[PDB]
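Have a look at the structure below before the remarks.
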Amino acid sequence: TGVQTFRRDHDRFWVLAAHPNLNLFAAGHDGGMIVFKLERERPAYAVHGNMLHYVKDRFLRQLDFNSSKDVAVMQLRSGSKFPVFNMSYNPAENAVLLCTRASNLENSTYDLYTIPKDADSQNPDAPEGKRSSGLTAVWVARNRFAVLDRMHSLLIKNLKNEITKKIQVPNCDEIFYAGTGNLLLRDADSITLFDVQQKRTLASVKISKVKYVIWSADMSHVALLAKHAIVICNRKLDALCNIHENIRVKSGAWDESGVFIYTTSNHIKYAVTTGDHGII
Amino acid sequence: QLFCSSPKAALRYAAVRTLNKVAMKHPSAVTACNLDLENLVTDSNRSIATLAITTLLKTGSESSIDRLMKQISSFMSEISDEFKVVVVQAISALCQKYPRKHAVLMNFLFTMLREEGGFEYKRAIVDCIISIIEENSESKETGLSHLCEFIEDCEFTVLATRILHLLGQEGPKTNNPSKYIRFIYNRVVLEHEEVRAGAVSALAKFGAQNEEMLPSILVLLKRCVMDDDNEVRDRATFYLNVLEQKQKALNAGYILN
Amino acid sequence: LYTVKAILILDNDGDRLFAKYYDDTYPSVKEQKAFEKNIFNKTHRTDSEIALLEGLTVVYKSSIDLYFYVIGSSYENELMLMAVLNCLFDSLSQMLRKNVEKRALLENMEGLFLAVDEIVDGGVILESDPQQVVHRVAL
Amino acid sequence: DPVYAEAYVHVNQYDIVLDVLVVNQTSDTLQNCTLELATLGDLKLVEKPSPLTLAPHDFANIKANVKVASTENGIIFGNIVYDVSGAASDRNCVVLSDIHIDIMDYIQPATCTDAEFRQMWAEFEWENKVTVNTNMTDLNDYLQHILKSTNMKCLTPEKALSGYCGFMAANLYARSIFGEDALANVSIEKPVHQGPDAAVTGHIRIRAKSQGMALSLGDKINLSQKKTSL
């Protein structure tokens, strides 16, 4: 069906193309031409034993291990694929929680899936499969409270478990209407810590995120992402060292809390250990 | 209004300026936007150019639209019926509705003023500075901050004369000493015995008053900064010599007045 | 109303080949030129739909060869004021069968002169339409 | 790949020289691709070790001298695309544009008579400035550090006093390897208890002929100014 028409000059064309590399997409015309580049600049994750999960900025999976030139990780833990609002490991070497239909709606669906075998929606019967409705699900500080959006605005999600899908309107507190943050930062420029309702801050610390906080696997990483720059902390704000580079693209890695791997050309390097620095 | 609203009576411009007065009443004002928008839009007709400034002014404006206009103006002002003159008039009005007040605007304006420029701002400046003083503006730290900087790299010795004179009086009633010093040094930095000279003269009202740290040091400084170049030498020597000649406390009292 | 500071028909070489200061209170042939200069140099054959200089109305025109100046005060509406200015082009044109030219100007002044006194006389415009004139005159 | 090649640049005295490790930890002097020469900037790249084997399990030093006084290429800040090619035991390779090519280094200090200077200062290509404000140090140590880093000149003192405050504006001049003279007056607050300086809010006025390099220089220096995670 005709979705929409888009107008941007050239009352005269004869070609359109989408790459068979699929890299790029472009449209050709008489008066001239345009190329546009896609990305979900920065895009969601989960960890399960010796394996990385990615959600594409652009590009498909690449969700661990490799074999020849480049390999997008196709597995039963479909990462870079779905229509993501948010992806978070529900730790287990066997579980993930996933929101799909992404976007802004009233609310989306989340279908949470088992690593043993994901599905279109996994079983509501199963609690490593559950799906329900809800717009986004988000971490928040002092680590077990969570945000869920299950209204198109502030629901708090809080559970001891991180196989979690909990719904909590209390903590309704707008003054920031449904948008994006993850230890609370509707561009707070702070990660702000809370419980399940309160109308009085516990506290906010001034530090900042990639709009994600990096936990050393599950949900306790004082290793921090920042969008450009990333900072290394131990759990919570202890600024251990602060990272910056200036290429507005890539990554550097932690094994656990603050194990600093840095990539260095055709050389891949440990930034540092004990009092050491190394090329593995 | 409408009927005129395109140079039937190119007369219409004058009126808005006063003859048919405007400073509005609140819902009434909202209604006005369209008409001014036509002129604002049209940009033409000497009668038009003038009209744009008065209408817009009288009815007033949102911040936002200004923004669009700043660009428009960027091209426009030079000649676009010889926009500059209407504009200087407009500008004189700008300095008045905000003469260093809505300082954020004053600064936005300032940046813009210098920027859109040509040169023709200088004339305007004569007014603008005057406006700021009229208020006896208080976001000076900032206001001054823009002025100082820009003027430095927005040049014209002549401006400096005027401003100097004013500044000359003001000193430590508005503090921020290090900065102010910081500036002052710079002003001098420039050559010209003459350029250099003003920083010392302004200083007399200032010195005398001293500020958040000054008397001891005030005494120390004239010493620390000293110059030859004969008559320039002389200026240092003489001020000193003059200084030399009265108990500096007394010295300050007589001279200052 | 004893309102013409001068009406001048100026060349666009800043020259003036006509001026009558109907009314005047400032002088000097020089100052007149100077005053002229600032504005003329500035308008430079270009004119404006309207122009106000000095809070004073400047209605000026240009032809296809000549620059018309009237100085008056913005203190008396355009439409009329212009009407006289209009009257000036038009009648001269019809009557003569030709409007102003530099050439025209050069061959003879007089007619302008003749007209001018009739139309206006000082700071009071006695008249501003051709016809009356047209009959009235018969030179 | 076994063949791992690691490389970095060493610029050793004029000569920007290319350390290359191509280590061919390959299972053989695997066939190698292709390489191409070029005019460069006031430099030209100028050497290739000839062979194209990727000798087995083997490590090699491949040197590129570059020619450091010629080859104009006006692709500023360098950052010009460079090729290592996929042309033989290789299906791809690296095509790269450089980055890593900056100013602070290039220019050497250079000097002037002050009156003339002032006159000149004003006179020069006005067109660039950047601000100094913020650091980790006093401009004693800080200034020295910056100075050494860019290898550039502050022309003259007046004792007024870079100490008690000073409320000193420092005039700096430098001349480079391909000869641009750059002028500064930076006017700066300066550290000292409850007096002033642990920021600046001093303005660095940069004049260099093209604004584009000039401002860029102001930046470059801005990079230089402080000491933090690149």
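Residues in the structure tokens are numbered from 1 in each chain, the chains being A, B, ... in the order shown, and ligands are numbered from 1 in the order shown.
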Can you pull out every residue within 8 Å of range 224-235 of chain B, counting only C-alpha atoms, but drop anything in the same chain fewer than 5 positions away, and send it as a CSV table (one decimal) with C-alpha atoms, in the first residue's frame?
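For reference, selection08.csv as written:
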```csv
chain,number,residue,atom,x,y,z
B,193,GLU,CA,50.1,55.7,23.5
B,197,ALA,CA,46.5,55.9,28.2
D,158,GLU,CA,57.4,42.8,31.1
D,159,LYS,CA,57.8,42.2,34.7
D,160,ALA,CA,54.2,42.7,35.8
D,161,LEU,CA,54.6,39.7,37.0
```
| said: I need the chain D residues near chain B as number ranges by chain; criterion: at most 8 Å, counting only C-alpha atoms. | reply: D: 115, 118-119, 126, 158-161, 167-169, 187-189, 195-196
| query | Residues of range 42-96 of chain C in helix (DSSP H, G or I) according to DSSP, as an MDAnalysis selection string? | reply | chainID C and resid 42:43 78:96
| Check: which chain D residues lie within 6 Å of chain A using only C-alpha atoms, as a VMD selection string | chain D and resid 6 229 to 230
For the selection just defined, write its residues with C-alpha atoms to a file, as a CSV table (one decimal), in the first residue's frame.
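This is the output file result_9.csv:
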```csv
chain,number,residue,atom,x,y,z
D,6,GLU,CA,50.9,-3.9,12.8
D,229,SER,CA,42.3,10.9,27.4
D,230,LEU,CA,42.8,11.4,23.7
```
Please, which residues in chain C fall within 10 Å of chain B when counting only C-alpha atoms, and what is the closest atom pair and distance in Å to one decimal for each, ordered by chain then residue number, as a tab-separated table?
```
residue	atom	partner	partner_atom	distance
C:42	CA	B:82	CA	9.1
C:43	CA	B:82	CA	9.4
C:46	CA	B:81	CA	9.6
C:47	CA	B:46	CA	9.3
C:48	CA	B:46	CA	6.0
C:49	CA	B:45	CA	6.6
C:50	CA	B:47	CA	5.8
C:51	CA	B:46	CA	7.1
C:52	CA	B:47	CA	9.2
C:55	CA	B:14	CA	9.7
C:74	CA	B:14	CA	9.2
C:77	CA	B:11	CA	7.6
C:78	CA	B:11	CA	6.9
C:79	CA	B:9	CA	7.3
```
For the selection you just gave me, I'd like the residues written to a file as a PDB file, in the first residue's frame, keeping C-alpha atoms.
```
ATOM      1  CA  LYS C  42      22.385  58.856  -2.197  1.00  0.00           C
ATOM      2  CA  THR C  43      19.157  58.513  -4.168  1.00  0.00           C
ATOM      3  CA  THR C  46      16.942  56.093  -7.847  1.00  0.00           C
ATOM      4  CA  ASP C  47      14.138  57.541  -5.954  1.00  0.00           C
ATOM      5  CA  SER C  48      11.727  55.780  -3.687  1.00  0.00           C
ATOM      6  CA  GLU C  49       7.936  55.189  -3.774  1.00  0.00           C
ATOM      7  CA  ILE C  50       7.972  57.437  -0.841  1.00  0.00           C
ATOM      8  CA  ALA C  51      10.818  59.198   0.874  1.00  0.00           C
ATOM      9  CA  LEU C  52      10.936  61.204   4.024  1.00  0.00           C
ATOM     10  CA  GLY C  55      10.595  64.246   8.884  1.00  0.00           C
ATOM     11  CA  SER C  74       5.876  65.001   6.228  1.00  0.00           C
ATOM     12  CA  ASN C  77      -0.376  63.545   2.753  1.00  0.00           C
ATOM     13  CA  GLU C  78       1.235  61.776  -0.164  1.00  0.00           C
ATOM     14  CA  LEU C  79      -1.620  61.318  -2.304  1.00  0.00           C
TER      15      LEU C  79
END
```
| request: Select from range 41-89 of chain D everything DSSP, run on the backbone, classes as strand (DSSP E), then give the selection as a list in words. | output: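 Put together, the selection reads residues 44, 45, 58, 59, 60, 61, 62, 63, 64, 65, 66, 67, 81, 82 and 83 of chain D.
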| query | Do you have the CA of residue 196 in chain A-CA of residue 112 in chain A distance handy? | reply |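 Calculated distance between CA of residue 196 in chain A and CA of residue 112 in chain A is 22.4 Å.
The spacing separating CA of residue 15 in chain D from CA of residue 42 in chain D amounts to 11.3 Å.
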